[PDB]
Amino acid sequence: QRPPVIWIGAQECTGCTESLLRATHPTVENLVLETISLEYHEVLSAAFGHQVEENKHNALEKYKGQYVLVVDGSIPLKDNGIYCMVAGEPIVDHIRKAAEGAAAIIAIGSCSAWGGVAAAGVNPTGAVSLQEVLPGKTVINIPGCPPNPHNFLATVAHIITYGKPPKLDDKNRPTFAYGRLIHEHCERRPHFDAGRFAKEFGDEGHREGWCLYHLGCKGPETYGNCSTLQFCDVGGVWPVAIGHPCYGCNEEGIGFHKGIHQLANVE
């Protein structure tokens, strides 16, 4: 038997599920056939409508106390929950119900971890985080927009293999992935130190791989593993390495709040 997972999407763009399709360890096919039993996931389920809702109810019962609950997207509280309705009920009710029997609860992505883009600006829908709607529960936060999928998959694997979550920081983020500022482990730090800065995309310094601080890099104020684990497992691929500043998408108050070219505070 494989450990069961229930995945519920709230105000999600589906990028957090899509991250799984880039994963290699495990690939999504090996995740669902070998690593876990994905008991509910609306993007991939053969069943629809009343049949998939029956699946969910049956799994919630059969695996009570055993499943990992995963949520992507923010949860909208404005106007009594009506900005996300599934099967005629507010998504916040589906999530609270499923949280009751969960062995572990994970907020995958910035939206569920801290509200994310959906909670920015004027916050049209009163979008909030998963932790906000589950005050009695310890929600494991895996932020990023979307995170590297292995930030999620290795968190799940730690729960499965060693029987507890990975070590977390004081925002309940796994330290192996979010334990350090990007700027405190960035390969362009020597350039920062020397005052070697790109000033515009395509300028001479940009074309030599110099630091992106003066283009608005938020590495100095964003916790993550983007410079080390990077993305897509091909080597050398993260925003800064490609030539664009970190936007701070992992980090509440940075991504989606600060402008791309607004300068970060440096510690």
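The numbering used is simple: start at 1 and walk along the sequence shown.
Averaged over CA atoms, B-factors in the entry run higher in 135-143 than in the other of 135-143 and 104-112. In this entry, 197-205 has the higher mean Cα B-factor, the comparison being between 230-238 and 197-205. Annotation for 70, 28, 38, 211: 38 ranks highest, by Cα B-factor. Within the group 148, 155, 161, 175, the record's highest C-alpha temperature factor is found at 161. Sorting the modelled residues of the chain by their CA temperature factor places residue 48 in the middle third.
The PDB entry assigns residue 65 a C-alpha temperature factor belonging to the highest third of its chain's modelled residues. When the CA B factors of the chain's modelled residues are split into thirds, the value for residue 185 lands in the lowest one. Annotation for residue 32: C-alpha temperature factor in the highest third relative to the rest of the modelled chain, per the entry. Compared with the other modelled residues of the chain, the Cα B-factor recorded for residue 215 ranks in the middle third.
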